[PDB]
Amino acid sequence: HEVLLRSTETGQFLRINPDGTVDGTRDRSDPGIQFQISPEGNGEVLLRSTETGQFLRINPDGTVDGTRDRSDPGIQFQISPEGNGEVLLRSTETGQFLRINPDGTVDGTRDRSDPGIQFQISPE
């Protein structure tokens, strides 16, 4: 059971690339867009790119990348519904929200009003 993680604002899909970079794309054929939600208990999940198995990570400095460091606390997310199938994806360790910007760049923010922190999650 895989999912796609999509910007509500622009419809861009989140992608983790084999080199560990993370960005947005409209290419439905890119294998980097498929994710698996891994339950961690206590209301937390990991978001793992199925192609390479990398976990999504929000670093303290607000940068976002992919990693296999299973012990990095920046890989723990909570999925919080906003209603009507919109969600926020928040790093529990630093409180930063995942942000996909209209230019396809991806980073972390503490600005709850940013249109780029709204996501849709759809089954593959």
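Heads up: residue numbers just count along the shown sequence, starting at 1.
Checked against the record, the higher mean CA B factor of 61 to 69 and 27 to 35 lies with 27 to 35. With 70 to 78 and 43 to 51 compared on mean CA B-factor from the PDB entry, the stretch scoring higher is 43 to 51.
The residue among 107, 103, 114, 9 whose C-alpha carries the highest B-factor in the deposited model is 114. Ranked by C-alpha B-factor against the other modelled residues of its chain, residue 91 falls in the lowest third.
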